[PDB]
Amino acid sequence: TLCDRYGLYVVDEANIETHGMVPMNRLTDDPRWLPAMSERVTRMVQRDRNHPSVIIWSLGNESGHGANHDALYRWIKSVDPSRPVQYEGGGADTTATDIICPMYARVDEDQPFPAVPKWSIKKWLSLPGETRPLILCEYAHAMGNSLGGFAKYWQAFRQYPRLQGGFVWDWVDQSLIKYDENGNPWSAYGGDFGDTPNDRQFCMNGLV
Amino acid sequence: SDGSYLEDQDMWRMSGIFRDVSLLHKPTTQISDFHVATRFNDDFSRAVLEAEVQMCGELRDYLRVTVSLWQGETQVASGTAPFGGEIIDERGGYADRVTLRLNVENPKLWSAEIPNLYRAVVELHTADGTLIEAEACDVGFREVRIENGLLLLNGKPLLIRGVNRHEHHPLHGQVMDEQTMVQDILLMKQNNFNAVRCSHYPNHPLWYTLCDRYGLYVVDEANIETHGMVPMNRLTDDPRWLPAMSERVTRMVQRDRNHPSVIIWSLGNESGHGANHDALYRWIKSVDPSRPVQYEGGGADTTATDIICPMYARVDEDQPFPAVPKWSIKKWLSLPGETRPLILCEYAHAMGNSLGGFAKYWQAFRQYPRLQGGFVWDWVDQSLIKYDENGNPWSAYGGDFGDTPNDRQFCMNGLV
Ligand SMILES: OC[C@H]1O[C@@H](SCCc2ccccc2)[C@H](O)[C@@H](O)[C@H]1O
Ligand SMILES: OC[C@H]1O[C@@H](SCCc2ccccc2)[C@H](O)[C@@H](O)[C@H]1O
Ligand SMILES: [Mg+2]
């Protein structure tokens, strides 16, 4: 409602992420989990499809590429043809996305990982056969003293028509407040609650 | 002559009988044309050589054509037939043509790395075995196609290490001899070049034979350039010049279509974009579907080219001219709708102390699949020799012969 009234474009995303599985698509390639995944996608679309600010649907995040993703991509295109669908898993340019949507691809430097390479964004555009627009779903990881080389993304976005921008990672630090002996507040991060294992200060990636 | 309007190439303007003169004797019944084409299975393990032969003179029932294929001294394949093609339309077929098909198993493929050649002999003879006349040419088995935005040879993507070359000699002007041609080919291969662009007209016929034998890819180019017109397409958009332009394109293709080294046809150079170029692009695709056609005029990516072929586009910097912008080559590839390969028909102008930033092109060629290389401008300086008072020779350039107006030292752009 607030994004409709003030004016922001929204990507609305299904609650599906299976990052810690080995391999990452162990559940999203299994037909026994197709029921559980379909409730997460179909109920989001039935709730939010009347909002003008929602311009793109997303199938979730970091769950590899499985046949369950293709089935659900096609379900949304059929019930709601008025918005594109994006999905980054399985190398950011599978048959389950309308937009190439890499995370942390660099402007000029290739990172050739096996099965899921991250090409430079200028090169990705022109691979044999490729016609889709490119919008980075995560770029410029703002952890601590960061955003070096930000100008280099914005030079490329303005020069190439099919580079249509991206979403910085991310808005606000996820720190929590703890109290010392004198009752003075302090900012705490992973591991400060006796939680173990933990990922320490990786929870603070915000611009604010 | 009015033909001078179509020959405004950047070079010395000279005149005369500057190539060979010869007499040829043929019998009255004679081979008047022949074409050779090669087709492959998916992995290049089986080929069909198809030969079309046409005759002139009086057709008789006893006339026969034999085509044989030789590898060294070993005969590899042979075929024989009487005249009479298959039915073409409601009125019949060509009584004065025949098509032989020869199967070849595990052919050795031609490329610039390994220039394997066969020899095809065509014999017109009587049914009882008397020879009337024989003709022959060198055959290279290779396939050139564009697939999914890449130029492929024998199924693999090419990287063109090319140069532009003019026919120029400092003492003899535009007269080419064999010794000069061989010297240029050895120096090119010794400096890691694999391709040559005939800038900007068909070459002496011996050039294509040497490129077949030593191994260079050739772009063969029609003698059409109207650079000094305003606007540049004033003649190539006029239908009254369509006759003159079509003779320059159709006669080049009828002369050179049997050479394995010729892999790409070009419609000429710097003549804007006119409806005459579209008509002639389509003529070549129809008579010779086995080679791509390229043309740079009118902004390097018109409907008259299979390859985007800019001249002097930069690696990273755009040059946005009105109507005919030169995009950076990395950006050109990804413009909305664009799917073709990109090969620069001229880059890295080598005038005087030059080629700064050459490494930057080669970094981009190796990183982007659809950037498949380019032709440097150019091979040899076009200087001429003059003599001083003591008879000592010196190298001269535009304006040193009292020629005016002239373009001074712009005639020297060579790597040698
Ligand atoms: O803010 C951390 C980022 O971590 C990387 S995993 C690679 C880095 C990593 C892996 C394991 C523990 C800590 C960091 C994700 O791809 C991003 O979406 C984001 O969550
Ligand atoms: O070697 C000179 C080059 O000149 C430029 S025109 C622009 C430069 C120019 C124009 C008029 C006179 C002198 C140079 C051509 O496009 C090239 O193909 C090549 O011929
Ligand atoms: Mg010119």
# chains A, B, ... in the order shown; residues from 1 in each chain; ligands from 1

call {"tool": "residues_around", "arguments": {"residues": "residue B:229", "least_positions_apart": "4", "cutoff": "10 Å", "atoms": "only C-alpha atoms", "output": "NGL selection string"}}
result
:B and (5-6 or 8 or 225 or 233-235 or 271-272)

call {"tool": "residues_around", "arguments": {"residues": "stretch 85-94 of chain A", "least_positions_apart": "2", "cutoff": "10 Å", "atoms": "only C-alpha atoms", "output": "CSV table (one decimal) with C-alpha atoms, in the first residue's frame"}}
result
chain,number,residue,atom,x,y,z
A,11,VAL,CA,9.7,-7.3,-6.8
A,12,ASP,CA,7.5,-9.6,-4.8
A,13,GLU,CA,9.2,-12.9,-3.8
A,17,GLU,CA,15.1,-20.8,-0.1
A,19,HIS,CA,20.6,-22.8,0.2
A,24,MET,CA,21.3,-26.9,-3.8
A,25,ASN,CA,18.4,-28.4,-5.9
A,55,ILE,CA,5.8,-5.1,-11.3
A,56,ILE,CA,7.8,-8.5,-11.2
A,57,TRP,CA,7.1,-11.9,-9.5
A,58,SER,CA,10.1,-13.9,-8.2
A,59,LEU,CA,10.1,-17.8,-7.5
A,60,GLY,CA,12.3,-17.4,-4.4
A,61,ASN,CA,16.1,-17.5,-3.9
A,62,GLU,CA,19.1,-19.8,-4.0
A,63,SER,CA,17.4,-23.2,-4.5
A,64,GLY,CA,19.3,-24.4,-7.5
A,65,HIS,CA,17.3,-25.2,-10.6
A,66,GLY,CA,14.7,-28.0,-10.5
A,69,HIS,CA,10.8,-24.2,-10.7
A,70,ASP,CA,9.8,-24.7,-14.4
A,72,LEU,CA,5.7,-22.9,-11.2
A,73,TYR,CA,7.2,-20.4,-13.7
A,74,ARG,CA,4.6,-21.6,-16.2
A,76,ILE,CA,2.3,-17.7,-13.0
A,77,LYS,CA,2.6,-16.9,-16.7
A,80,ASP,CA,-1.1,-13.6,-14.4
A,81,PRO,CA,0.3,-12.7,-17.9
A,82,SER,CA,0.6,-9.0,-17.0
A,83,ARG,CA,4.0,-9.3,-15.0
A,96,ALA,CA,12.5,-20.4,-15.5
A,97,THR,CA,13.3,-16.7,-15.8
A,98,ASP,CA,12.2,-13.8,-18.2
A,99,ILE,CA,15.2,-11.6,-17.1
A,100,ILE,CA,18.8,-12.6,-16.7
A,101,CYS,CA,19.3,-11.9,-13.0
A,102,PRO,CA,22.8,-12.8,-11.7
A,103,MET,CA,24.0,-12.0,-8.2
A,113,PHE,CA,32.8,-21.6,-11.8
A,115,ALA,CA,28.2,-25.6,-14.1
A,116,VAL,CA,27.2,-22.0,-12.9
A,117,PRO,CA,29.7,-19.4,-14.2
A,118,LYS,CA,29.3,-15.7,-13.4
A,119,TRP,CA,30.1,-14.0,-16.7
A,124,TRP,CA,26.6,-12.1,-20.6
A,130,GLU,CA,20.8,-14.5,-25.6
A,132,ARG,CA,16.7,-11.2,-22.5
A,134,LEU,CA,19.8,-8.1,-17.6
A,135,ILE,CA,18.9,-6.8,-14.1
A,136,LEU,CA,21.2,-7.9,-11.1
A,137,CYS,CA,19.1,-9.2,-8.3
A,138,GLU,CA,22.0,-8.5,-5.8

call {"tool": "residues_around", "arguments": {"residues": "residue B:293", "least_positions_apart": "3", "cutoff": "7 Å", "atoms": "only C-alpha atoms", "output": "VMD selection string"}}
result
chain B and resid 264 to 266 281 305 to 306

call {"tool": "write_last_selection", "arguments": {"atoms": "C-alpha atoms", "output": "mmCIF file, in the first residue's frame"}}
result
data_model
loop_
_atom_site.group_PDB
_atom_site.id
_atom_site.type_symbol
_atom_site.label_atom_id
_atom_site.label_comp_id
_atom_site.auth_asym_id
_atom_site.auth_seq_id
_atom_site.Cartn_x
_atom_site.Cartn_y
_atom_site.Cartn_z
ATOM 1 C CA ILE B 264 33.262 -14.678 -47.722
ATOM 2 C CA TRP B 265 31.986 -12.422 -50.610
ATOM 3 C CA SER B 266 31.972 -8.641 -50.176
ATOM 4 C CA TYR B 281 23.141 -9.284 -51.677
ATOM 5 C CA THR B 305 25.269 -8.030 -44.628
ATOM 6 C CA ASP B 306 25.412 -11.419 -42.736
#

call {"tool": "residues_near_ligand", "arguments": {"ligand": "ligand 3", "cutoff": "8 Å", "atoms": "only C-alpha atoms and all ligand atoms", "output": "list in words"}}
result
residues 8, 9, 10, 225, 226, 227, 228, 269 and 270 of chain B

call {"tool": "interface_residues", "arguments": {"of": "chain B", "to": "chain A", "cutoff": "12 Å", "atoms": "only C-alpha atoms", "output": "PDB file with N, CA and C atoms, in the first residue's frame"}}
result
ATOM      1  N   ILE B 146      27.162 -19.715 -40.879  1.00  0.00           N
ATOM      2  CA  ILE B 146      26.848 -18.974 -39.686  1.00  0.00           C
ATOM      3  C   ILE B 146      25.742 -19.717 -38.923  1.00  0.00           C
ATOM      4  N   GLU B 147      26.025 -20.056 -37.677  1.00  0.00           N
ATOM      5  CA  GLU B 147      25.067 -20.794 -36.858  1.00  0.00           C
ATOM      6  C   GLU B 147      25.020 -20.183 -35.454  1.00  0.00           C
ATOM      7  N   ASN B 148      23.811 -19.816 -35.015  1.00  0.00           N
ATOM      8  CA  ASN B 148      23.566 -19.266 -33.684  1.00  0.00           C
ATOM      9  C   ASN B 148      24.512 -18.071 -33.423  1.00  0.00           C
ATOM     10  N   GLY B 149      24.670 -17.178 -34.421  1.00  0.00           N
ATOM     11  CA  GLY B 149      25.459 -15.953 -34.309  1.00  0.00           C
ATOM     12  C   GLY B 149      26.977 -16.163 -34.397  1.00  0.00           C
ATOM     13  N   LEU B 150      27.485 -17.361 -34.759  1.00  0.00           N
ATOM     14  CA  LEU B 150      28.946 -17.581 -34.903  1.00  0.00           C
ATOM     15  C   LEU B 150      29.288 -18.000 -36.339  1.00  0.00           C
ATOM     16  N   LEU B 151      30.352 -17.448 -36.910  1.00  0.00           N
ATOM     17  CA  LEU B 151      30.896 -17.933 -38.187  1.00  0.00           C
ATOM     18  C   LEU B 151      31.702 -19.213 -37.915  1.00  0.00           C
ATOM     19  N   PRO B 157      34.359 -22.535 -34.395  1.00  0.00           N
ATOM     20  CA  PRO B 157      34.314 -21.062 -34.591  1.00  0.00           C
ATOM     21  C   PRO B 157      35.692 -20.474 -34.922  1.00  0.00           C
ATOM     22  N   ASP B 316      36.112   0.153 -26.339  1.00  0.00           N
ATOM     23  CA  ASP B 316      35.270   0.574 -25.212  1.00  0.00           C
ATOM     24  C   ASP B 316      34.499   1.882 -25.399  1.00  0.00           C
ATOM     25  N   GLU B 317      34.962   2.737 -26.296  1.00  0.00           N
ATOM     26  CA  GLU B 317      34.425   4.097 -26.488  1.00  0.00           C
ATOM     27  C   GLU B 317      33.460   4.153 -27.694  1.00  0.00           C
ATOM     28  N   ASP B 318      32.241   4.625 -27.463  1.00  0.00           N
ATOM     29  CA  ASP B 318      31.285   4.970 -28.539  1.00  0.00           C
ATOM     30  C   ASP B 318      31.658   6.244 -29.308  1.00  0.00           C
ATOM     31  N   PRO B 320      29.246   8.461 -31.495  1.00  0.00           N
ATOM     32  CA  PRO B 320      27.840   8.590 -31.956  1.00  0.00           C
ATOM     33  C   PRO B 320      27.678   9.704 -33.012  1.00  0.00           C
ATOM     34  N   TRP B 327      29.362   2.309 -32.698  1.00  0.00           N
ATOM     35  CA  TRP B 327      29.328   1.882 -31.296  1.00  0.00           C
ATOM     36  C   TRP B 327      30.656   1.211 -30.925  1.00  0.00           C
ATOM     37  N   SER B 328      31.001   1.203 -29.654  1.00  0.00           N
ATOM     38  CA  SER B 328      32.040   0.303 -29.175  1.00  0.00           C
ATOM     39  C   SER B 328      31.721  -1.148 -29.587  1.00  0.00           C
ATOM     40  N   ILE B 329      32.714  -1.949 -29.927  1.00  0.00           N
ATOM     41  CA  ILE B 329      32.397  -3.296 -30.448  1.00  0.00           C
ATOM     42  C   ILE B 329      31.698  -4.159 -29.380  1.00  0.00           C
ATOM     43  N   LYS B 330      32.039  -4.006 -28.099  1.00  0.00           N
ATOM     44  CA  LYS B 330      31.399  -4.849 -27.049  1.00  0.00           C
ATOM     45  C   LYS B 330      29.920  -4.450 -26.919  1.00  0.00           C
ATOM     46  N   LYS B 331      29.599  -3.177 -27.080  1.00  0.00           N
ATOM     47  CA  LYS B 331      28.211  -2.746 -26.974  1.00  0.00           C
ATOM     48  C   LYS B 331      27.424  -3.109 -28.245  1.00  0.00           C
ATOM     49  N   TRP B 332      28.042  -3.020 -29.414  1.00  0.00           N
ATOM     50  CA  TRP B 332      27.327  -3.290 -30.657  1.00  0.00           C
ATOM     51  C   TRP B 332      26.698  -4.689 -30.614  1.00  0.00           C
ATOM     52  N   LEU B 333      27.430  -5.650 -30.069  1.00  0.00           N
ATOM     53  CA  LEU B 333      26.989  -7.035 -30.034  1.00  0.00           C
ATOM     54  C   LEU B 333      25.615  -7.201 -29.390  1.00  0.00           C
ATOM     55  N   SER B 334      25.303  -6.382 -28.381  1.00  0.00           N
ATOM     56  CA  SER B 334      24.186  -6.649 -27.481  1.00  0.00           C
ATOM     57  C   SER B 334      23.041  -5.660 -27.711  1.00  0.00           C
ATOM     58  N   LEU B 335      23.100  -4.824 -28.745  1.00  0.00           N
ATOM     59  CA  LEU B 335      21.966  -3.933 -29.071  1.00  0.00           C
ATOM     60  C   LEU B 335      20.668  -4.757 -29.204  1.00  0.00           C
ATOM     61  N   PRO B 336      19.512  -4.208 -28.750  1.00  0.00           N
ATOM     62  CA  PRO B 336      18.208  -4.943 -28.851  1.00  0.00           C
ATOM     63  C   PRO B 336      17.964  -5.508 -30.261  1.00  0.00           C
ATOM     64  N   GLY B 337      17.786  -6.830 -30.356  1.00  0.00           N
ATOM     65  CA  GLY B 337      17.514  -7.473 -31.647  1.00  0.00           C
ATOM     66  C   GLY B 337      18.727  -8.114 -32.323  1.00  0.00           C
ATOM     67  N   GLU B 338      19.954  -7.645 -32.039  1.00  0.00           N
ATOM     68  CA  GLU B 338      21.195  -8.044 -32.785  1.00  0.00           C
ATOM     69  C   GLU B 338      21.628  -9.489 -32.475  1.00  0.00           C
ATOM     70  N   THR B 339      21.884 -10.297 -33.504  1.00  0.00           N
ATOM     71  CA  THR B 339      22.273 -11.714 -33.284  1.00  0.00           C
ATOM     72  C   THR B 339      23.523 -12.100 -34.097  1.00  0.00           C
ATOM     73  N   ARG B 340      23.952 -11.269 -35.057  1.00  0.00           N
ATOM     74  CA  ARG B 340      25.013 -11.611 -36.029  1.00  0.00           C
ATOM     75  C   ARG B 340      26.408 -11.619 -35.350  1.00  0.00           C
ATOM     76  N   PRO B 341      27.391 -12.378 -35.904  1.00  0.00           N
ATOM     77  CA  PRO B 341      28.806 -12.221 -35.464  1.00  0.00           C
ATOM     78  C   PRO B 341      29.392 -10.851 -35.848  1.00  0.00           C
ATOM     79  N   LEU B 342      30.450 -10.394 -35.171  1.00  0.00           N
ATOM     80  CA  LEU B 342      31.071  -9.117 -35.520  1.00  0.00           C
ATOM     81  C   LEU B 342      32.540  -9.353 -35.915  1.00  0.00           C
ATOM     82  N   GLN B 363      42.554  -8.705 -26.446  1.00  0.00           N
ATOM     83  CA  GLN B 363      41.941  -9.098 -25.157  1.00  0.00           C
ATOM     84  C   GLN B 363      40.419  -9.289 -25.376  1.00  0.00           C
ATOM     85  N   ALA B 364      39.749  -8.342 -26.048  1.00  0.00           N
ATOM     86  CA  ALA B 364      38.308  -8.424 -26.306  1.00  0.00           C
ATOM     87  C   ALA B 364      37.962  -9.587 -27.259  1.00  0.00           C
ATOM     88  N   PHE B 365      38.735  -9.798 -28.325  1.00  0.00           N
ATOM     89  CA  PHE B 365      38.481 -10.902 -29.273  1.00  0.00           C
ATOM     90  C   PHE B 365      38.497 -12.234 -28.518  1.00  0.00           C
ATOM     91  N   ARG B 366      39.433 -12.424 -27.585  1.00  0.00           N
ATOM     92  CA  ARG B 366      39.562 -13.721 -26.914  1.00  0.00           C
ATOM     93  C   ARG B 366      38.456 -13.903 -25.861  1.00  0.00           C
ATOM     94  N   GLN B 367      37.977 -12.838 -25.246  1.00  0.00           N
ATOM     95  CA  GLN B 367      36.991 -12.963 -24.193  1.00  0.00           C
ATOM     96  C   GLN B 367      35.561 -13.098 -24.774  1.00  0.00           C
ATOM     97  N   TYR B 368      35.194 -12.477 -25.899  1.00  0.00           N
ATOM     98  CA  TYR B 368      33.775 -12.503 -26.344  1.00  0.00           C
ATOM     99  C   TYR B 368      33.611 -13.472 -27.522  1.00  0.00           C
ATOM    100  N   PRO B 369      32.774 -14.518 -27.391  1.00  0.00           N
ATOM    101  CA  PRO B 369      32.616 -15.472 -28.530  1.00  0.00           C
ATOM    102  C   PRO B 369      32.216 -14.819 -29.865  1.00  0.00           C
ATOM    103  N   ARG B 370      31.332 -13.831 -29.869  1.00  0.00           N
ATOM    104  CA  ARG B 370      30.805 -13.261 -31.115  1.00  0.00           C
ATOM    105  C   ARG B 370      31.745 -12.176 -31.665  1.00  0.00           C
ATOM    106  N   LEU B 371      32.805 -11.802 -30.954  1.00  0.00           N
ATOM    107  CA  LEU B 371      33.849 -10.977 -31.583  1.00  0.00           C
ATOM    108  C   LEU B 371      34.849 -11.915 -32.254  1.00  0.00           C
TER     109      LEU B 371
END

call {"tool": "residues_near_ligand", "arguments": {"ligand": "ligand 1", "cutoff": "8 Å", "atoms": "only C-alpha atoms and all ligand atoms", "output": "count of residues only"}}
result
11

call {"tool": "residues_near_ligand", "arguments": {"ligand": "ligand 2", "cutoff": "9 Å", "atoms": "only C-alpha atoms and all ligand atoms", "output": "number ranges by chain"}}
result
B: 9-11, 227, 269-270, 311-312, 346, 349-351, 377-378, 406-413

call {"tool": "write_last_selection", "arguments": {"atoms": "N, CA, C and O atoms", "output": "CSV table (one decimal), in the first residue's frame"}}
result
chain,number,residue,atom,x,y,z
B,9,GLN,N,38.6,4.0,-54.9
B,9,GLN,CA,39.4,3.4,-53.8
B,9,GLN,C,40.5,4.3,-53.5
B,9,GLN,O,41.0,5.0,-54.3
B,10,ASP,N,40.9,4.3,-52.2
B,10,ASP,CA,42.1,5.1,-51.7
B,10,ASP,C,43.4,4.5,-52.1
B,10,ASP,O,44.0,3.6,-51.4
B,11,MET,N,43.9,4.9,-53.2
B,11,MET,CA,45.2,4.3,-53.8
B,11,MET,C,45.7,5.2,-54.9
B,11,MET,O,45.0,6.2,-55.2
B,227,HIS,N,33.1,6.5,-52.7
B,227,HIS,CA,33.3,7.3,-51.5
B,227,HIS,C,33.1,8.8,-51.7
B,227,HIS,O,32.7,9.5,-50.9
B,269,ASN,N,32.9,-1.4,-51.1
B,269,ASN,CA,33.4,-0.7,-50.0
B,269,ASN,C,32.9,0.8,-50.1
B,269,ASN,O,32.9,1.4,-51.1
B,270,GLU,N,32.5,1.4,-48.9
B,270,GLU,CA,32.2,2.8,-48.8
B,270,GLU,C,31.4,3.3,-49.9
B,270,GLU,O,31.8,4.2,-50.7
B,311,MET,N,34.2,-0.3,-39.5
B,311,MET,CA,35.5,0.0,-39.7
B,311,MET,C,36.0,1.0,-38.6
B,311,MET,O,35.3,2.0,-38.4
B,312,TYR,N,37.1,0.7,-37.9
B,312,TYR,CA,37.6,1.6,-36.9
B,312,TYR,C,36.6,1.8,-35.7
B,312,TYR,O,36.8,2.8,-35.0
B,346,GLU,N,38.0,-3.2,-41.1
B,346,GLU,CA,39.3,-2.4,-41.0
B,346,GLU,C,39.5,-2.0,-39.6
B,346,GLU,O,38.5,-1.5,-39.0
B,349,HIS,N,44.5,1.4,-37.7
B,349,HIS,CA,45.2,2.1,-38.9
B,349,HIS,C,46.7,2.3,-38.6
B,349,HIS,O,47.1,3.1,-37.8
B,350,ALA,N,47.5,1.6,-39.4
B,350,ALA,CA,49.0,1.5,-39.1
B,350,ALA,C,49.7,2.6,-39.9
B,350,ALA,O,50.7,2.3,-40.6
B,351,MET,N,49.4,3.9,-39.7
B,351,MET,CA,50.1,4.9,-40.5
B,351,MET,C,51.2,5.5,-39.7
B,351,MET,O,51.1,6.1,-38.6
B,377,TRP,N,44.4,-2.5,-41.0
B,377,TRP,CA,44.6,-1.6,-42.2
B,377,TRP,C,46.0,-1.0,-42.1
B,377,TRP,O,46.2,-0.1,-41.3
B,378,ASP,N,47.0,-1.3,-43.0
B,378,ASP,CA,46.9,-2.4,-43.9
B,378,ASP,C,48.3,-3.1,-44.1
B,378,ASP,O,49.2,-2.9,-43.3
B,406,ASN,N,45.9,16.4,-53.6
B,406,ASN,CA,46.4,15.1,-53.3
B,406,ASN,C,46.2,14.8,-51.8
B,406,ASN,O,46.0,15.8,-51.0
B,407,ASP,N,46.4,13.6,-51.3
B,407,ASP,CA,46.3,13.4,-49.9
B,407,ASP,C,47.6,13.0,-49.2
B,407,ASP,O,47.6,12.3,-48.2
B,408,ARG,N,48.7,13.5,-49.7
B,408,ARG,CA,50.0,13.6,-49.0
B,408,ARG,C,50.4,12.2,-48.5
B,408,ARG,O,50.4,11.2,-49.2
B,409,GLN,N,50.7,12.0,-47.2
B,409,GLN,CA,51.3,10.8,-46.7
B,409,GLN,C,50.2,9.7,-46.3
B,409,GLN,O,50.6,8.7,-45.8
B,410,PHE,N,48.9,10.0,-46.5
B,410,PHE,CA,47.9,9.1,-46.2
B,410,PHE,C,48.0,7.8,-47.1
B,410,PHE,O,47.2,6.8,-46.8
B,411,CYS,N,48.8,7.8,-48.1
B,411,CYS,CA,49.0,6.6,-48.8
B,411,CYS,C,49.9,5.6,-48.1
B,411,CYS,O,50.1,4.4,-48.6
B,412,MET,N,50.5,5.9,-47.0
B,412,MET,CA,51.4,5.0,-46.3
B,412,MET,C,50.9,4.5,-45.0
B,412,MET,O,51.0,5.1,-44.0
B,413,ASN,N,50.2,3.3,-45.0
B,413,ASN,CA,49.6,2.8,-43.9
B,413,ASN,C,50.0,1.4,-43.6
B,413,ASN,O,49.4,0.6,-42.9

call {"tool": "atom_distance", "arguments": {"atom1": "atom CA of residue B:69", "atom2": "atom CA of residue B:121"}}
result
6.5 Å

call {"tool": "select_by_dssp", "arguments": {"residues": "stretch 39-205 of chain A", "states": "helix (DSSP H, G or I)", "output": "PyMOL selection string"}}
result
chain A and resi 39-48+67-79+121-124+150-159+200-203

call {"tool": "atom_distance", "arguments": {"atom1": "atom CA of residue B:30", "atom2": "atom CA of residue B:263"}}
result
29.4 Å

call {"tool": "residues_around", "arguments": {"residues": "residue B:238", "least_positions_apart": "4", "cutoff": "8 Å", "atoms": "only C-alpha atoms", "output": "ChimeraX atom specification"}}
result
/B:234,242,274-276

call {"tool": "select_by_dssp", "arguments": {"residues": "stretch 87-271 of chain B", "states": "strand (DSSP E)", "output": "number ranges by chain"}}
result
B: 97-105, 118-126, 131-139, 144-147, 150-153, 156-157, 160-165, 195-198, 217-221, 262-266

call {"tool": "write_last_selection", "arguments": {"atoms": "C-alpha atoms", "output": "short mmCIF file (atom, residue, chain, number, x, y, z; two decimals), in the first residue's frame"}}
result
data_model
loop_
_atom_site.label_atom_id
_atom_site.label_comp_id
_atom_site.auth_asym_id
_atom_site.auth_seq_id
_atom_site.Cartn_x
_atom_site.Cartn_y
_atom_site.Cartn_z
CA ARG B 97 24.23 -29.53 -68.73
CA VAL B 98 24.95 -32.51 -66.50
CA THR B 99 25.50 -32.96 -62.72
CA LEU B 100 27.84 -35.71 -61.37
CA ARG B 101 27.82 -36.71 -57.66
CA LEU B 102 30.99 -38.34 -56.29
CA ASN B 103 31.04 -39.93 -52.77
CA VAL B 104 34.26 -39.44 -50.76
CA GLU B 105 34.84 -41.30 -47.45
CA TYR B 118 42.45 -32.58 -54.13
CA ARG B 119 42.61 -32.23 -57.92
CA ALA B 120 39.39 -32.43 -59.98
CA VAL B 121 39.71 -33.26 -63.71
CA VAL B 122 36.72 -32.68 -66.02
CA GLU B 123 36.83 -34.45 -69.43
CA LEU B 124 34.55 -33.95 -72.41
CA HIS B 125 34.90 -37.15 -74.53
CA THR B 126 32.98 -39.43 -76.98
CA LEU B 131 39.05 -36.98 -75.58
CA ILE B 132 37.78 -33.65 -76.93
CA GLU B 133 39.00 -31.33 -74.09
CA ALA B 134 39.89 -31.43 -70.35
CA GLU B 135 39.69 -28.75 -67.63
CA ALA B 136 40.80 -28.99 -63.97
CA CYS B 137 40.89 -27.15 -60.66
CA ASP B 138 42.01 -27.61 -57.04
CA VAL B 139 39.30 -28.69 -54.65
CA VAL B 144 31.54 -22.27 -43.98
CA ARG B 145 28.30 -21.35 -42.22
CA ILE B 146 26.85 -18.97 -39.69
CA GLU B 147 25.07 -20.79 -36.86
CA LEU B 150 28.95 -17.58 -34.90
CA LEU B 151 30.90 -17.93 -38.19
CA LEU B 152 31.99 -21.67 -38.27
CA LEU B 153 34.55 -23.45 -40.45
CA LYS B 156 34.48 -24.85 -35.29
CA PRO B 157 34.31 -21.06 -34.59
CA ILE B 160 40.30 -14.13 -37.94
CA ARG B 161 43.89 -12.82 -37.76
CA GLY B 162 43.37 -10.71 -40.85
CA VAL B 163 45.04 -7.93 -42.85
CA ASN B 164 43.86 -5.72 -45.75
CA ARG B 165 46.18 -5.97 -48.79
CA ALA B 195 43.32 -14.30 -43.46
CA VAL B 196 43.48 -11.57 -46.13
CA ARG B 197 40.93 -9.05 -47.45
CA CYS B 198 41.22 -8.14 -51.18
CA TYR B 217 41.19 -17.38 -45.72
CA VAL B 218 40.22 -14.80 -48.39
CA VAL B 219 37.44 -12.17 -48.47
CA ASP B 220 36.88 -11.54 -52.20
CA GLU B 221 35.53 -7.99 -52.90
CA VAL B 262 37.51 -17.72 -50.75
CA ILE B 263 35.25 -18.02 -47.64
CA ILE B 264 33.26 -14.68 -47.72
CA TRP B 265 31.99 -12.42 -50.61
CA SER B 266 31.97 -8.64 -50.18
#

call {"tool": "atom_distance", "arguments": {"atom1": "atom CA of residue B:32", "atom2": "atom CA of residue B:52"}}
result
11.0 Å
